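A short write-up of the structure that comes next.
Just so it is clear, none of the values below were taken in a lab; they were calculated from the coordinates. Positions of Cβ are backbone-derived with ideal geometry, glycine not excepted, and every protein chain shown enters the neighbour counts.
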Amino acid sequence: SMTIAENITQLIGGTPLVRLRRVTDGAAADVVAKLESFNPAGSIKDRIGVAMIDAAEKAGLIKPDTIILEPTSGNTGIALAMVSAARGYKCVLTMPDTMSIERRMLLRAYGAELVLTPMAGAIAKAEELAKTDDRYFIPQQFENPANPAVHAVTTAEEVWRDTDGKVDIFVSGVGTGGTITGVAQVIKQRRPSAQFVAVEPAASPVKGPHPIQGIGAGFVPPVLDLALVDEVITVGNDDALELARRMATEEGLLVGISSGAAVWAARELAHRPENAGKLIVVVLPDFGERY
């Protein structure tokens with residue numbers, strides 16, 4: 001009958017929907033944003049990080065004295081740093097030294113230790129370090145290929161509940177694929193009319209449907225399995241950044257470049273006549289920093 005989290009990791013997810021009123025530029029479909037910047041460490045990666053740690057704890061791979069180790073370039077490190085601190089695990093992150101000073105300081109504020117490298121450097125360093133001490137555990141995605149990512153199911157159910165089953169299009173970043181394909185897997189059975197659109201970043205400006213390489217060690221990273229995705233919209237960084245700026249000044253929503261890209265895609269979809277009257281839910285995965 002009380003509502004008190006036992007720790008901050010219990011406040012991951014349950015992120016709100018908000019209607020976008022100005023940046024859609026008079027679209028005939030409704031666009032509503034799911035604010036993943038409301039997660040405790042500011043991004044969608046909080047969901048992925050905690051799910052990996054929860055699974056490892058259940059499996060018995062994380063003991064009280066285990067050390068969490070992870071190659072990262074961005075928000076997944078912040079997520080793991082926050083979860084590790086809340087749960088009392090030491091946390092070591094490897095990363096390229098391009099990483100912004102602001103991000104390094106944030107990670108360090110959570111108690112994480114940063115092993116910086118010139119990315120395969122990051123990955124190779126992590127794997128080398130793991131050999132050095134059996135206390136090291138590297139969190140990884142764990143789901144059977146036949147199943148949706150566990151964090152995607154929670155995201156999906158939130159979307160379903162908060163739209164009372166009325167979501168028509170779900171728009172999210174390609175990311176590692178788990179989120180968009182996972183939400184598609186959950187919702188499609190319940191809503192055969194729903195469409196699932198993935199958003200891909202491109203350089204400044206730049207068209208044709210294509211496989212997309214994920215991230216990994218070595219020269220040939222695996223391709224992302226986007227089987228349940230209706231469409232990929234690729235968005236140039238200039239367009240993404242301009243919409244991110246407009247979100248801050250026209251909606252009071254301070255969000256990142258990935259969020260700007262997603263909104264560009266949702267606005268595009270929202271102006272197609274076949275989509276008139278639809279409810280379009282767009283994931284804004286990240287916080288603002290470029291400003």
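Going by how many other Cβ atoms sit within 10 Å of their own, how do 58, 278, 188, 166 line up, fewest first?
Working: 58 9, 278 21, 188 16, 166 13.
Taking fewest neighbouring Cβ atoms as first place, the list is 58, 166, 188, 278.
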Next item on the list: Give the Cα extents of region 152-264 along the principal axes, in whole Å, largest first.
Entry: 41, 38, 25
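Select from region 1-71 those GluC sites (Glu not before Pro) which occupy a DSSP coil region and have at most 10 other Cβ atoms within 10 Å, ordered by residue number. Before the final figure, lay out the partial values.
Numbers: sites: 6, 36, 57; in loops: 6.
Answer in residue order: 6.
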Next item on the list: Could you rank the peptides 147-154, 175-182 by their average count of other C-beta atoms within 10 Å per residue, with the highest value first?
Entry: 175-182, 147-154
Checklist line | Reach of residue 63 by Cα under 18 Å, taken over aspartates and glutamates that are not fewer than 8 positions away in the same chain | finding: 54, 133, 134
Next item on the list: Can you work out the PRE-style zone for residue 134? Point 7 Å along Cα to Cβ, and I want the residues of region 87-110 with backbone N under 14 Å.
Entry: none
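Do the sum for the chain: with -39,500 (n - 2.57) for every DSSP H run of n ≥ 4, divided by all residues, what is the mean residue ellipticity at 222 nm, to the nearest 500 deg cm²/dmol?
Numbers: 8 runs with 100 residues, N = 291.
One gets -11000 deg cm²/dmol as the mean residue ellipticity at 222 nm.
Convex hull over the Cα atoms of region 1-142, averaged projected area in nm²?
Numbers: hull surface 47.6 nm².
About 11.9 nm², averaged over all directions.
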Check: Under 5 Å between amide H atoms, partner at least 5 residues away or on a different chain: which partners does residue 136 have, H built in plane at 1.01 Å?
Finding: 67
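Assuming 0.890 mPa s and 25 °C, estimate D for the chain with Stokes-Einstein, Rh taken as the Kirkwood radius over Cα pairs, in µm²/s.
Values: Rh = 19.8 Å.
Stokes-Einstein gives a translational diffusion coefficient of 124 µm²/s.
Which net charge results for the neighbourhood of residue 158, defined as the other residues with beta-carbon distances under 13 angstrom from its beta-carbon, given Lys and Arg at +1 and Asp and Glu at -1?
On the way: positive: 34, 47, 161; negative: 36, 157, 162, 164.
Combined, the nearby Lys, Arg, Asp and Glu give -1.
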